[PDB]
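Same chain, two forms, each on its own as structure tokens: structure 1, then structure 2.
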Structure 1
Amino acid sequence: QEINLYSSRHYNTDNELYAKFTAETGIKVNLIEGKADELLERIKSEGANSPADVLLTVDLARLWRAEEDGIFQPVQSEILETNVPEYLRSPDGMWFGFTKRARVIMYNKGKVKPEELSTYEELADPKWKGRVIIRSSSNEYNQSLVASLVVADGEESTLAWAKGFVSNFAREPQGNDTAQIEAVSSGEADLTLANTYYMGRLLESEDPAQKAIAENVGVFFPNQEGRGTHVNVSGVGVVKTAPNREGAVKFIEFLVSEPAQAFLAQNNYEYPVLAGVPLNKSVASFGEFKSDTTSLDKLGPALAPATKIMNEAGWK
């Protein structure tokens, strides 16, 4: 028994995660990693005999586009239904989220006080001129965030926001989320937007250098007075032509079960989807916050206008 996993997850803990699965079920995991868009293209180009059993992403919107293109097959699992909140899985059992991550404002403690922060929209304020940095618009975390702004504020307003946000950049987008945190820590900028688990990793690192970086940067959950902080998920679905549907289903059921949920929360610093599972202490220290649960099912359709907006605004 084996499954062919196509995953856009890119963490050093993924190997142990999959190992946990095999040690529990005896099912071998053949892994193919790459960026979400690349994996979807590969699957579609490989045809009806593609080896792909499971498609794993770190973005809800890409999962939507995958389901739209009919790449998944329905799965009805009692464990999936009970463990995964309805709003975090496909109404037709096409895909399911198994972790949650928040894209929040991370700021230099010495240069910024929390009282000066509020919403994502405010980051376009002239006050932040030459003090903001963020990774490239090509990244899905950013595209999904911009999509949520389109959904909540509209295309016209988001375009205006993006132009202002870009005008505030201290440097052109370079590096990943962690590179942004380090740059803010080093005084190259005062704030950025990154996923919570990246800060969790730095705070929990055995490398003193990483922990030192974390100490200079604080975390702020935006839009608390309104829709809430933008929350995305790491999701998964069984490919329609999966050669081993049985193993594929067991894999997804494994991901949402207590053992895997606890590991993901404790070792990869993400928010588990299963209730009753404790967060990593460092992540717990961020505090409680309101999550945006209303803009989720409309994010996918908003991808197109979001990317158009990011391009027009000059967000490289």
Structure 2
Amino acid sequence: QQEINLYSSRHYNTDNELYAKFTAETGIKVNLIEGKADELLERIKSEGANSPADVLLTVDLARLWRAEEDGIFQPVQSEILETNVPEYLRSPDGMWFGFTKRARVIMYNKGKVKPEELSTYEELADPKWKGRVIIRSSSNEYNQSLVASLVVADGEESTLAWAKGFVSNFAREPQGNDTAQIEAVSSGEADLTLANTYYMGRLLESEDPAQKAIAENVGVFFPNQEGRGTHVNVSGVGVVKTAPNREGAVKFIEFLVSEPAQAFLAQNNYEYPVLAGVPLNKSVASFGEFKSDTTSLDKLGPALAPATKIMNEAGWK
């Protein structure tokens, strides 16, 4: 009918094609405003009631929770959203909804580690992994959310003990992003790390043989399968309280979690769809099926604070 103003901190070269499909089926133009997560959040708060923002699209529970607490979102009730998105992947009060799922798993050098040697996140604190593990900085959202999940499942005391052991096992000081960790593991600089599955998908699906060769030496292991499951996080979306086009905003979110959009995202961005039954990208499917921790993501929100305090006390740079 009219248009919506999308504030997104997620920039993918394929997003334009995705948004074009939404416009084709609804007749609603999408105005894209990009920027850093913290930048967009602050911009909305300052623009006030005159803010044109209809939808806020960001990544990781850490970002979504912060916006939810700041009262940036408005509750949304939709049969399609409640049916397509598992309850644990969306705000219990309908403030935000995940539309992609990413898993933070163990990636190991196939030449130095056997899957039989792996089991849970907690076991990585064991001295047998001393000097054999690497991971990015504790200031990264992915790691914060991961530690928050341990706080919730294991408690603060137990998580602090784990963190101290885990950090003492580091082969080197945290440096580089997830992809850097994967490269170092592939080369043999370290035996294992923790990274998001889609990064491996990008390498395996690369048109460059050299980049693909990097992934070929790294195995993917989903931890805690006999227990609570693998830690998962999401890319999420929510309708801004002051949205000038609430109706269009809701339609956009329903679009993102529908078959067409879900299949596109899984196939082109190598992430897991939230909608059950949607086919995965070939390479991602090759990792195998796994059990996801179904703990309500919103529950990890309040555990983010103690998680950061634990990482600092453990000496996780």
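Heads up, when I say rigid core I mean the largest set of C-alphas that superpose within 1.5 Å between the two forms. Residue numbering: sequential along structure 1, first residue numbered 1.
Taking the core as reference between structure 1 and structure 2, the lone member of 245, 135, 227, 163 whose Cα moves by 2 Å or more is 245.
Here residue 192 does not count as shifted, since its C-alpha moves by less than 2 Å between structure 1 and structure 2 after the core is aligned. With the core superposed, residue 292 shows a C-alpha displacement below 2 Å between structure 1 and structure 2. Core-superposed comparison between structure 1 and structure 2: the CA of residue 44 exceeds or equals a 2 Å shift. Core-based superposition between structure 1 and structure 2 puts the Cα shift at residue 27 at 5.5 Å.
Core superposition places the Cα of residue 116 0.2 Å apart between structure 1 and structure 2. At residue 262, the distance the Cα travels between structure 1 and structure 2 is 1.7 Å after the core is superposed.
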